[PDB]
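Coordinates as given in query-v4.pdb (PDB, N, CA and C atoms):
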ATOM      1  N   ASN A   1    -118.923 -56.170 -54.030
ATOM      2  CA  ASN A   1    -119.017 -55.094 -55.026
ATOM      3  C   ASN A   1    -118.641 -53.726 -54.453
ATOM      4  N   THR A   2    -118.259 -53.708 -53.176
ATOM      5  CA  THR A   2    -117.894 -52.464 -52.503
ATOM      6  C   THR A   2    -116.424 -52.121 -52.729
ATOM      7  N   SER A   3    -115.888 -52.550 -53.871
ATOM      8  CA  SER A   3    -114.487 -52.293 -54.211
ATOM      9  C   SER A   3    -114.189 -52.455 -55.698
ATOM     10  N   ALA A   4    -114.836 -53.436 -56.326
ATOM     11  CA  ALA A   4    -114.618 -53.696 -57.737
ATOM     12  C   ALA A   4    -114.893 -52.418 -58.541
ATOM     13  N   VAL A   5    -115.423 -51.406 -57.862
ATOM     14  CA  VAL A   5    -115.743 -50.115 -58.482
ATOM     15  C   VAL A   5    -114.820 -48.917 -58.244
ATOM     16  N   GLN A   6    -114.667 -48.554 -56.972
ATOM     17  CA  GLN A   6    -113.760 -47.479 -56.581
ATOM     18  C   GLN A   6    -112.351 -47.734 -57.128
ATOM     19  N   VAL A   7    -112.124 -48.942 -57.639
ATOM     20  CA  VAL A   7    -110.824 -49.309 -58.196
ATOM     21  C   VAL A   7    -110.328 -48.252 -59.180
ATOM     22  N   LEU A   8    -111.251 -47.428 -59.673
ATOM     23  CA  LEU A   8    -110.897 -46.374 -60.581
ATOM     24  C   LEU A   8    -110.251 -45.422 -59.570
ATOM     25  N   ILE A   9    -108.976 -45.708 -59.269
ATOM     26  CA  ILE A   9    -108.128 -44.787 -58.518
ATOM     27  C   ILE A   9    -106.842 -44.551 -59.339
ATOM     28  N   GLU A  10    -106.042 -43.580 -58.921
ATOM     29  CA  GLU A  10    -104.754 -43.279 -59.577
ATOM     30  C   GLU A  10    -103.785 -44.453 -59.732
ATOM     31  N   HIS A  11    -102.940 -44.637 -58.715
ATOM     32  CA  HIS A  11    -102.043 -45.788 -58.650
ATOM     33  C   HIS A  11    -102.858 -47.075 -58.437
ATOM     34  N   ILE A  12    -104.112 -47.060 -58.885
ATOM     35  CA  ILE A  12    -104.989 -48.221 -58.754
ATOM     36  C   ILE A  12    -105.624 -48.587 -60.095
ATOM     37  N   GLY A  13    -105.667 -47.618 -61.005
ATOM     38  CA  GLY A  13    -106.239 -47.833 -62.323
ATOM     39  C   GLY A  13    -105.746 -46.820 -63.341
ATOM     40  N   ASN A  14    -106.678 -46.316 -64.166
ATOM     41  CA  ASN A  14    -106.264 -45.376 -65.240
ATOM     42  C   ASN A  14    -106.874 -45.729 -66.575
ATOM     43  N   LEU A  15    -107.432 -44.780 -67.275
ATOM     44  CA  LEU A  15    -108.049 -44.986 -68.597
ATOM     45  C   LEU A  15    -108.874 -46.216 -68.927
ATOM     46  N   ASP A  16    -108.591 -46.861 -70.051
ATOM     47  CA  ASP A  16    -109.342 -48.024 -70.475
ATOM     48  C   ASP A  16    -109.197 -49.128 -69.442
ATOM     49  N   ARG A  17    -109.375 -48.776 -68.171
ATOM     50  CA  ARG A  17    -109.370 -49.750 -67.117
ATOM     51  C   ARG A  17    -110.486 -49.282 -66.146
ATOM     52  N   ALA A  18    -110.387 -48.038 -65.691
ATOM     53  CA  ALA A  18    -111.266 -47.512 -64.649
ATOM     54  C   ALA A  18    -112.734 -47.757 -64.948
ATOM     55  N   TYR A  19    -113.104 -47.602 -66.216
ATOM     56  CA  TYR A  19    -114.484 -47.808 -66.643
ATOM     57  C   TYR A  19    -114.673 -49.192 -67.261
ATOM     58  N   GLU A  20    -113.704 -50.075 -67.034
ATOM     59  CA  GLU A  20    -113.763 -51.432 -67.564
ATOM     60  C   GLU A  20    -114.277 -52.415 -66.515
ATOM     61  N   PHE A  21    -114.284 -51.986 -65.257
ATOM     62  CA  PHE A  21    -114.755 -52.825 -64.160
ATOM     63  C   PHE A  21    -115.861 -52.134 -63.366
ATOM     64  N   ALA A  22    -116.685 -51.355 -64.065
ATOM     65  CA  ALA A  22    -117.787 -50.641 -63.428
ATOM     66  C   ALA A  22    -119.141 -51.170 -63.903
ATOM     67  N   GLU A  23    -119.146 -51.809 -65.070
ATOM     68  CA  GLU A  23    -120.373 -52.365 -65.633
ATOM     69  C   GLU A  23    -120.785 -53.646 -64.907
ATOM     70  N   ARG A  24    -119.850 -54.219 -64.153
ATOM     71  CA  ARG A  24    -120.117 -55.445 -63.408
ATOM     72  C   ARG A  24    -120.805 -55.148 -62.077
ATOM     73  N   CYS A  25    -120.473 -54.002 -61.488
ATOM     74  CA  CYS A  25    -121.060 -53.598 -60.214
ATOM     75  C   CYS A  25    -122.294 -52.723 -60.429
ATOM     76  N   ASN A  26    -123.105 -52.589 -59.387
ATOM     77  CA  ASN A  26    -124.326 -51.755 -59.484
ATOM     78  C   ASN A  26    -124.235 -50.837 -58.457
ATOM     79  N   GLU A  27    -123.645 -51.897 -57.822
ATOM     80  CA  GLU A  27    -123.728 -51.002 -56.848
ATOM     81  C   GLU A  27    -122.771 -49.909 -56.109
ATOM     82  N   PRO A  28    -122.646 -48.564 -56.699
ATOM     83  CA  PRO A  28    -121.691 -48.722 -55.661
ATOM     84  C   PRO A  28    -121.380 -47.659 -54.681
ATOM     85  N   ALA A  29    -120.119 -47.222 -54.616
ATOM     86  CA  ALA A  29    -119.725 -46.166 -53.686
ATOM     87  C   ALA A  29    -118.794 -45.156 -54.352
ATOM     88  N   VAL A  30    -118.431 -44.114 -53.615
ATOM     89  CA  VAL A  30    -117.512 -43.058 -54.117
ATOM     90  C   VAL A  30    -117.743 -42.200 -55.371
ATOM     91  N   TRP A  31    -118.813 -41.421 -55.355
ATOM     92  CA  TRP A  31    -119.333 -40.737 -56.540
ATOM     93  C   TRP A  31    -119.101 -39.246 -56.509
ATOM     94  N   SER A  32    -119.037 -38.686 -55.303
ATOM     95  CA  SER A  32    -118.799 -37.256 -55.136
ATOM     96  C   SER A  32    -117.312 -36.962 -54.933
ATOM     97  N   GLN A  33    -116.588 -37.940 -54.395
ATOM     98  CA  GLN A  33    -115.156 -37.789 -54.158
ATOM     99  C   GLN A  33    -114.342 -38.275 -55.357
ATOM    100  N   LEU A  34    -114.946 -39.146 -56.163
ATOM    101  CA  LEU A  34    -114.280 -39.683 -57.344
ATOM    102  C   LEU A  34    -114.304 -38.680 -58.495
ATOM    103  N   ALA A  35    -115.318 -37.820 -58.503
ATOM    104  CA  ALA A  35    -115.452 -36.808 -59.546
ATOM    105  C   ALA A  35    -114.495 -35.642 -59.312
ATOM    106  N   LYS A  36    -114.104 -35.446 -58.055
ATOM    107  CA  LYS A  36    -113.185 -34.367 -57.697
ATOM    108  C   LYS A  36    -111.733 -34.772 -57.941
ATOM    109  N   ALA A  37    -111.464 -36.072 -57.859
ATOM    110  CA  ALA A  37    -110.116 -36.590 -58.074
ATOM    111  C   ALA A  37    -109.898 -36.967 -59.537
ATOM    112  N   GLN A  38    -110.968 -37.396 -60.202
ATOM    113  CA  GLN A  38    -110.893 -37.783 -61.608
ATOM    114  C   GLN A  38    -111.074 -36.574 -62.523
ATOM    115  N   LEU A  39    -111.314 -35.412 -61.922
ATOM    116  CA  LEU A  39    -111.503 -34.181 -62.682
ATOM    117  C   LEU A  39    -110.291 -33.259 -62.551
ATOM    118  N   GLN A  40    -109.451 -33.527 -61.554
ATOM    119  CA  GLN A  40    -108.253 -32.724 -61.323
ATOM    120  C   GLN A  40    -106.989 -33.491 -61.700
ATOM    121  N   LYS A  41    -107.146 -34.785 -61.966
ATOM    122  CA  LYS A  41    -106.018 -35.631 -62.344
ATOM    123  C   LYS A  41    -106.311 -36.397 -63.634
ATOM    124  N   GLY A  42    -105.952 -35.791 -64.764
ATOM    125  CA  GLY A  42    -106.174 -36.410 -66.059
ATOM    126  C   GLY A  42    -107.600 -36.243 -66.550
ATOM    127  N   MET A  43    -107.746 -35.849 -67.814
ATOM    128  CA  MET A  43    -109.067 -35.652 -68.405
ATOM    129  C   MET A  43    -109.859 -36.957 -68.436
ATOM    130  N   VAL A  44    -110.999 -36.971 -67.748
ATOM    131  CA  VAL A  44    -111.853 -38.152 -67.702
ATOM    132  C   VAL A  44    -113.316 -37.729 -67.563
ATOM    133  N   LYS A  45    -113.661 -37.160 -66.419
ATOM    134  CA  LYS A  45    -115.045 -36.688 -66.149
ATOM    135  C   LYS A  45    -116.183 -36.977 -67.126
ATOM    136  N   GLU A  46    -115.964 -36.575 -68.380
ATOM    137  CA  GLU A  46    -116.853 -36.927 -69.485
ATOM    138  C   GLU A  46    -117.144 -38.438 -69.468
ATOM    139  N   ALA A  47    -116.156 -39.229 -69.056
ATOM    140  CA  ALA A  47    -116.317 -40.678 -68.981
ATOM    141  C   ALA A  47    -116.691 -41.116 -67.567
ATOM    142  N   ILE A  48    -115.993 -40.566 -66.577
ATOM    143  CA  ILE A  48    -116.258 -40.897 -65.181
ATOM    144  C   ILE A  48    -117.528 -40.209 -64.682
ATOM    145  N   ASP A  49    -118.120 -39.375 -65.535
ATOM    146  CA  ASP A  49    -119.342 -38.658 -65.180
ATOM    147  C   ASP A  49    -120.498 -39.051 -66.100
ATOM    148  N   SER A  50    -120.258 -40.038 -66.959
ATOM    149  CA  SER A  50    -121.278 -40.512 -67.889
ATOM    150  C   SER A  50    -121.500 -42.017 -67.750
ATOM    151  N   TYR A  51    -121.074 -42.572 -66.615
ATOM    152  CA  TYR A  51    -121.230 -43.999 -66.356
ATOM    153  C   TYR A  51    -121.407 -44.272 -64.864
ATOM    154  N   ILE A  52    -121.753 -43.230 -64.112
ATOM    155  CA  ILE A  52    -121.981 -43.378 -62.716
ATOM    156  C   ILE A  52    -123.161 -42.535 -62.119
ATOM    157  N   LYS A  53    -123.469 -41.405 -62.718
ATOM    158  CA  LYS A  53    -124.136 -40.455 -61.697
ATOM    159  C   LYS A  53    -124.427 -40.966 -60.190
ATOM    160  N   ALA A  54    -125.202 -42.050 -60.200
ATOM    161  CA  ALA A  54    -125.578 -42.809 -59.020
ATOM    162  C   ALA A  54    -125.945 -42.064 -57.725
ATOM    163  N   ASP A  55    -126.451 -40.843 -57.886
ATOM    164  CA  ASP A  55    -127.079 -40.111 -56.768
ATOM    165  C   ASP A  55    -125.875 -39.589 -56.035
ATOM    166  N   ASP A  56    -125.925 -38.274 -55.867
ATOM    167  CA  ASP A  56    -124.697 -37.461 -55.572
ATOM    168  C   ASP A  56    -124.023 -37.834 -56.906
ATOM    169  N   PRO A  57    -123.280 -36.842 -57.471
ATOM    170  CA  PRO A  57    -123.467 -35.441 -56.990
ATOM    171  C   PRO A  57    -124.430 -34.327 -57.361
ATOM    172  N   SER A  58    -125.661 -34.095 -56.858
ATOM    173  CA  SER A  58    -126.219 -32.880 -57.457
ATOM    174  C   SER A  58    -125.684 -31.632 -56.744
ATOM    175  N   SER A  59    -125.827 -30.478 -57.391
ATOM    176  CA  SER A  59    -125.371 -29.216 -56.816
ATOM    177  C   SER A  59    -125.854 -29.059 -55.378
ATOM    178  N   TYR A  60    -125.057 -28.376 -54.560
ATOM    179  CA  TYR A  60    -123.802 -27.795 -55.020
ATOM    180  C   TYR A  60    -122.678 -28.832 -55.025
ATOM    181  N   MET A  61    -121.654 -28.586 -55.838
ATOM    182  CA  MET A  61    -121.598 -27.388 -56.670
ATOM    183  C   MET A  61    -120.475 -27.469 -57.698
ATOM    184  N   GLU A  62    -119.328 -27.982 -57.282
ATOM    185  CA  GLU A  62    -118.133 -28.132 -58.155
ATOM    186  C   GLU A  62    -118.173 -28.849 -59.504
ATOM    187  N   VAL A  63    -118.455 -30.154 -59.435
ATOM    188  CA  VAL A  63    -118.737 -30.964 -60.623
ATOM    189  C   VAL A  63    -120.046 -30.486 -61.284
ATOM    190  N   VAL A  64    -121.097 -30.319 -60.484
ATOM    191  CA  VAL A  64    -122.389 -29.875 -60.998
ATOM    192  C   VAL A  64    -122.230 -28.712 -61.977
ATOM    193  N   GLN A  65    -121.873 -27.542 -61.455
ATOM    194  CA  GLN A  65    -121.694 -26.354 -62.284
ATOM    195  C   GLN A  65    -120.720 -26.620 -63.428
ATOM    196  N   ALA A  66    -119.564 -27.193 -63.099
ATOM    197  CA  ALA A  66    -118.546 -27.493 -64.102
ATOM    198  C   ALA A  66    -119.166 -28.096 -65.359
ATOM    199  N   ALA A  67    -119.956 -29.153 -65.181
ATOM    200  CA  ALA A  67    -120.608 -29.820 -66.306
ATOM    201  C   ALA A  67    -121.781 -28.999 -66.837
ATOM    202  N   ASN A  68    -121.536 -28.256 -67.914
ATOM    203  CA  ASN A  68    -122.571 -27.429 -68.527
ATOM    204  C   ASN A  68    -122.014 -26.551 -69.647
ATOM    205  N   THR A  69    -120.943 -25.820 -69.351
ATOM    206  CA  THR A  69    -120.319 -24.941 -70.337
ATOM    207  C   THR A  69    -119.622 -25.745 -71.433
ATOM    208  N   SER A  70    -118.741 -26.652 -71.030
ATOM    209  CA  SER A  70    -117.981 -27.495 -71.984
ATOM    210  C   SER A  70    -118.622 -27.948 -73.140
ATOM    211  N   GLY A  71    -119.426 -28.689 -72.455
ATOM    212  CA  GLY A  71    -120.257 -29.152 -73.398
ATOM    213  C   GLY A  71    -120.974 -30.385 -72.982
ATOM    214  N   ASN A  72    -121.208 -30.503 -71.679
ATOM    215  CA  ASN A  72    -121.902 -31.652 -71.124
ATOM    216  C   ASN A  72    -123.350 -31.247 -70.856
ATOM    217  N   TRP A  73    -124.181 -31.321 -71.895
ATOM    218  CA  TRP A  73    -125.612 -31.053 -71.758
ATOM    219  C   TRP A  73    -126.386 -32.360 -71.536
ATOM    220  N   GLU A  74    -126.652 -33.079 -72.609
ATOM    221  CA  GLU A  74    -127.354 -34.390 -72.574
ATOM    222  C   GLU A  74    -127.321 -35.310 -71.353
ATOM    223  N   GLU A  75    -126.139 -35.397 -70.750
ATOM    224  CA  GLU A  75    -125.947 -36.041 -69.448
ATOM    225  C   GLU A  75    -126.150 -34.991 -68.335
ATOM    226  N   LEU A  76    -125.838 -33.733 -68.640
ATOM    227  CA  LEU A  76    -125.992 -32.651 -67.673
ATOM    228  C   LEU A  76    -127.443 -32.526 -67.209
ATOM    229  N   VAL A  77    -128.364 -32.447 -68.166
ATOM    230  CA  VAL A  77    -129.785 -32.326 -67.856
ATOM    231  C   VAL A  77    -130.261 -33.502 -67.003
ATOM    232  N   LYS A  78    -129.659 -34.669 -67.221
ATOM    233  CA  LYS A  78    -130.016 -35.867 -66.467
ATOM    234  C   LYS A  78    -129.424 -35.825 -65.060
ATOM    235  N   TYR A  79    -128.255 -35.202 -64.930
ATOM    236  CA  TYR A  79    -127.586 -35.091 -63.638
ATOM    237  C   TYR A  79    -128.489 -34.412 -62.609
ATOM    238  N   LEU A  80    -129.416 -33.587 -63.091
ATOM    239  CA  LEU A  80    -130.341 -32.878 -62.212
ATOM    240  C   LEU A  80    -131.576 -33.730 -61.911
ATOM    241  N   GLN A  81    -131.929 -34.611 -62.845
ATOM    242  CA  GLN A  81    -133.087 -35.485 -62.675
ATOM    243  C   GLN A  81    -133.163 -36.030 -61.249
ATOM    244  N   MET A  82    -132.000 -36.269 -60.648
ATOM    245  CA  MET A  82    -131.937 -36.785 -59.283
ATOM    246  C   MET A  82    -131.907 -35.648 -58.265
ATOM    247  N   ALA A  83    -131.563 -34.453 -58.728
ATOM    248  CA  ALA A  83    -131.492 -33.259 -57.863
ATOM    249  C   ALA A  83    -132.642 -33.048 -56.885
ATOM    250  N   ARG A  84    -133.732 -32.467 -57.390
ATOM    251  CA  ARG A  84    -134.949 -32.286 -56.600
ATOM    252  C   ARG A  84    -135.350 -33.602 -55.924
ATOM    253  N   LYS A  85    -134.736 -34.700 -56.360
ATOM    254  CA  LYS A  85    -135.059 -35.975 -55.779
ATOM    255  C   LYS A  85    -134.447 -36.493 -54.102
ATOM    256  N   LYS A  86    -135.087 -36.818 -52.882
ATOM    257  CA  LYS A  86    -134.104 -37.093 -51.600
ATOM    258  C   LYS A  86    -133.243 -35.820 -51.719
ATOM    259  N   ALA A  87    -133.909 -34.678 -51.855
ATOM    260  CA  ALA A  87    -133.223 -33.396 -51.961
ATOM    261  C   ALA A  87    -134.177 -32.294 -52.415
ATOM    262  N   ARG A  88    -134.143 -31.164 -51.714
ATOM    263  CA  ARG A  88    -134.989 -30.048 -52.026
ATOM    264  C   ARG A  88    -134.958 -28.898 -50.922
ATOM    265  N   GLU A  89    -133.863 -28.089 -50.836
ATOM    266  CA  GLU A  89    -133.638 -26.759 -50.129
ATOM    267  C   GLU A  89    -132.864 -25.819 -51.099
ATOM    268  N   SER A  90    -132.584 -24.610 -50.632
ATOM    269  CA  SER A  90    -131.841 -23.607 -51.401
ATOM    270  C   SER A  90    -130.382 -24.034 -51.441
ATOM    271  N   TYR A  91    -129.541 -23.172 -52.022
ATOM    272  CA  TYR A  91    -128.136 -23.498 -52.294
ATOM    273  C   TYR A  91    -127.958 -24.867 -53.015
ATOM    274  N   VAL A  92    -128.960 -25.735 -52.915
ATOM    275  CA  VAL A  92    -128.983 -27.080 -53.546
ATOM    276  C   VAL A  92    -130.081 -27.236 -54.619
ATOM    277  N   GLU A  93    -131.289 -26.741 -54.324
ATOM    278  CA  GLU A  93    -132.360 -26.622 -55.330
ATOM    279  C   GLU A  93    -132.262 -25.212 -55.962
ATOM    280  N   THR A  94    -132.093 -24.155 -55.155
ATOM    281  CA  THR A  94    -131.948 -22.807 -55.728
ATOM    282  C   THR A  94    -130.748 -22.934 -56.652
ATOM    283  N   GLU A  95    -129.977 -23.998 -56.443
ATOM    284  CA  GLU A  95    -128.818 -24.273 -57.277
ATOM    285  C   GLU A  95    -129.312 -25.014 -58.508
ATOM    286  N   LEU A  96    -130.268 -25.919 -58.321
ATOM    287  CA  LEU A  96    -130.826 -26.635 -59.459
ATOM    288  C   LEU A  96    -131.424 -25.561 -60.353
ATOM    289  N   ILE A  97    -132.149 -24.635 -59.734
ATOM    290  CA  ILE A  97    -132.762 -23.526 -60.454
ATOM    291  C   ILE A  97    -131.645 -22.796 -61.192
ATOM    292  N   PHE A  98    -130.716 -22.236 -60.422
ATOM    293  CA  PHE A  98    -129.567 -21.515 -60.967
ATOM    294  C   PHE A  98    -128.981 -22.351 -62.104
ATOM    295  N   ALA A  99    -128.650 -23.601 -61.787
ATOM    296  CA  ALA A  99    -128.084 -24.530 -62.758
ATOM    297  C   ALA A  99    -129.013 -24.676 -63.958
TER
END

Using structure tokens, write down the structure from this file.
Amino acid sequence: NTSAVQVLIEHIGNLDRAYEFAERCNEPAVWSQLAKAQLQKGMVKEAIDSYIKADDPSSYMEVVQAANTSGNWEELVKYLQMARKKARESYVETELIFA
């Protein structure tokens, strides 16, 4: 299961595919680096950020802050649920606060 997931890559997947082989795995990997690549290459995040959280990424800072203005609340508020969690200093919690 350490691959059936990250498969959501560029020349590796795309759209109604990337999130088609993620419900089978639990487990997985690449959550902070996948949000930076899936957010700068084709609109997805709303999808690639609503079927993974999986610990990381809480703030700081890029995806974290990003998700809030648009219009990602309902999942946004949950994205922090893990924040103060295996996590609790400034720039990261003062960020949760800020956030």

ask   = Quick one: of A:59, A:1, A:50, A:14, who's nearest to residue 29 of chain A, counting only C-alpha atoms?
value =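 Residue with the minimum atom-to-atom distance to residue 29 of chain A: A:1.
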
ask   = Which residues come within 6 Å of segment 20-23 of chain A, counting only N, CA and C atoms, excluding same-chain residues fewer than 3 positions away, as a VMD selection string?
value = chain A and resid 4 to 5 16 to 17

With N, CA and C atoms retained, could you export that selection as a PDB file, in the frame of the given file?
ATOM      1  N   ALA A   4    -114.836 -53.436 -56.326  1.00  0.00           N
ATOM      2  CA  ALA A   4    -114.618 -53.696 -57.737  1.00  0.00           C
ATOM      3  C   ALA A   4    -114.893 -52.418 -58.541  1.00  0.00           C
ATOM      4  N   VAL A   5    -115.423 -51.406 -57.862  1.00  0.00           N
ATOM      5  CA  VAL A   5    -115.743 -50.115 -58.482  1.00  0.00           C
ATOM      6  C   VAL A   5    -114.820 -48.917 -58.244  1.00  0.00           C
ATOM      7  N   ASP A  16    -108.591 -46.861 -70.051  1.00  0.00           N
ATOM      8  CA  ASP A  16    -109.342 -48.024 -70.475  1.00  0.00           C
ATOM      9  C   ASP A  16    -109.197 -49.128 -69.442  1.00  0.00           C
ATOM     10  N   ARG A  17    -109.375 -48.776 -68.171  1.00  0.00           N
ATOM     11  CA  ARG A  17    -109.370 -49.750 -67.117  1.00  0.00           C
ATOM     12  C   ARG A  17    -110.486 -49.282 -66.146  1.00  0.00           C
TER      13      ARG A  17
END

query = What is the distance between atom CA of residue 97 of chain A and atom CA of residue 33 of chain A, in Å to one decimal?
reply =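 It comes out at 23.5 Å.
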
request  = May I ask which of the residues A:69, A:61, A:77, A:15 is the closest one to residue 44 of chain A, counting only N, CA and C atoms?
outcome  =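 Of A:69, A:61, A:77, A:15, the one nearest residue 44 of chain A is A:15, counting only N, CA and C atoms.
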
message = What's around residue 62 of chain A at 12 Å? Count only C-alpha atoms, leave out sequence neighbours fewer than 5 positions away in its own chain, and write the answer as a list in words.
response = residues 32, 33, 35, 36, 37, 39, 40, 56, 57, 67, 68, 92, 95 and 99 of chain A

Can you write just those residues out, N, CA and C atoms, as a PDB file, in the frame of the given file?
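File produced: out20.pdb:
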ATOM      1  N   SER A  32    -119.037 -38.686 -55.303  1.00  0.00           N
ATOM      2  CA  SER A  32    -118.799 -37.256 -55.136  1.00  0.00           C
ATOM      3  C   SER A  32    -117.312 -36.962 -54.933  1.00  0.00           C
ATOM      4  N   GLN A  33    -116.588 -37.940 -54.395  1.00  0.00           N
ATOM      5  CA  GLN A  33    -115.156 -37.789 -54.158  1.00  0.00           C
ATOM      6  C   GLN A  33    -114.342 -38.275 -55.357  1.00  0.00           C
ATOM      7  N   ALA A  35    -115.318 -37.820 -58.503  1.00  0.00           N
ATOM      8  CA  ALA A  35    -115.452 -36.808 -59.546  1.00  0.00           C
ATOM      9  C   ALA A  35    -114.495 -35.642 -59.312  1.00  0.00           C
ATOM     10  N   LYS A  36    -114.104 -35.446 -58.055  1.00  0.00           N
ATOM     11  CA  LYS A  36    -113.185 -34.367 -57.697  1.00  0.00           C
ATOM     12  C   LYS A  36    -111.733 -34.772 -57.941  1.00  0.00           C
ATOM     13  N   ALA A  37    -111.464 -36.072 -57.859  1.00  0.00           N
ATOM     14  CA  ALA A  37    -110.116 -36.590 -58.074  1.00  0.00           C
ATOM     15  C   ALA A  37    -109.898 -36.967 -59.537  1.00  0.00           C
ATOM     16  N   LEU A  39    -111.314 -35.412 -61.922  1.00  0.00           N
ATOM     17  CA  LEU A  39    -111.503 -34.181 -62.682  1.00  0.00           C
ATOM     18  C   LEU A  39    -110.291 -33.259 -62.551  1.00  0.00           C
ATOM     19  N   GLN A  40    -109.451 -33.527 -61.554  1.00  0.00           N
ATOM     20  CA  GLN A  40    -108.253 -32.724 -61.323  1.00  0.00           C
ATOM     21  C   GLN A  40    -106.989 -33.491 -61.700  1.00  0.00           C
ATOM     22  N   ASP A  56    -125.925 -38.274 -55.867  1.00  0.00           N
ATOM     23  CA  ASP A  56    -124.697 -37.461 -55.572  1.00  0.00           C
ATOM     24  C   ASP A  56    -124.023 -37.834 -56.906  1.00  0.00           C
ATOM     25  N   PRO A  57    -123.280 -36.842 -57.471  1.00  0.00           N
ATOM     26  CA  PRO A  57    -123.467 -35.441 -56.990  1.00  0.00           C
ATOM     27  C   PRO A  57    -124.430 -34.327 -57.361  1.00  0.00           C
ATOM     28  N   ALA A  67    -119.956 -29.153 -65.181  1.00  0.00           N
ATOM     29  CA  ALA A  67    -120.608 -29.820 -66.306  1.00  0.00           C
ATOM     30  C   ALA A  67    -121.781 -28.999 -66.837  1.00  0.00           C
ATOM     31  N   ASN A  68    -121.536 -28.256 -67.914  1.00  0.00           N
ATOM     32  CA  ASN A  68    -122.571 -27.429 -68.527  1.00  0.00           C
ATOM     33  C   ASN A  68    -122.014 -26.551 -69.647  1.00  0.00           C
ATOM     34  N   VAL A  92    -128.960 -25.735 -52.915  1.00  0.00           N
ATOM     35  CA  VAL A  92    -128.983 -27.080 -53.546  1.00  0.00           C
ATOM     36  C   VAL A  92    -130.081 -27.236 -54.619  1.00  0.00           C
ATOM     37  N   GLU A  95    -129.977 -23.998 -56.443  1.00  0.00           N
ATOM     38  CA  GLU A  95    -128.818 -24.273 -57.277  1.00  0.00           C
ATOM     39  C   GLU A  95    -129.312 -25.014 -58.508  1.00  0.00           C
ATOM     40  N   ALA A  99    -128.650 -23.601 -61.787  1.00  0.00           N
ATOM     41  CA  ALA A  99    -128.084 -24.530 -62.758  1.00  0.00           C
ATOM     42  C   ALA A  99    -129.013 -24.676 -63.958  1.00  0.00           C
TER      43      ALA A  99
END

ask   = What separation in Å, quoted to one decimal, exists between atom CA of residue 80 of chain A and atom CA of residue 52 of chain A?
value =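 Distance reported for this atom pair: 13.4 Å.
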
task = Name all residues at most 8 Å from residue 96 of chain A (count all atoms listed in the file; drop same-chain ones fewer than 4 positions away) and give them as a ChimeraX atom specification.
result = /A:58-60,80,83-84,89-92

query = Of the residues A:26, A:9, A:19, A:63, which is the one nearest to residue 47 of chain A, using all atoms listed in the file?
reply = A:19

Report the centre and edge lengths, in Å to one decimal, of an axis-aligned box enclosing every atom of segment 48-65 of chain A listed in the file, padded by 6 Å on each side, as JSON.
{"center_x": -121.5, "center_y": -35.3, "center_z": -61.2, "size_x": 23.1, "size_y": 29.9, "size_z": 25.3}

task = Take atom CA of residue 85 of chain A and atom CA of residue 3 of chain A and report the distance between them in Å, one decimal.
result =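 Interatomic distance, atom CA of residue 85 of chain A to atom CA of residue 3 of chain A: 26.3 Å.
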
ask   = With only C-alpha atoms as the basis for distance, which of A:6, A:71, A:82, A:46 is at the shortest distance from residue 34 of chain A?
value =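 Once distances to residue 34 of chain A are computed over only C-alpha atoms, the minimum belongs to A:6.
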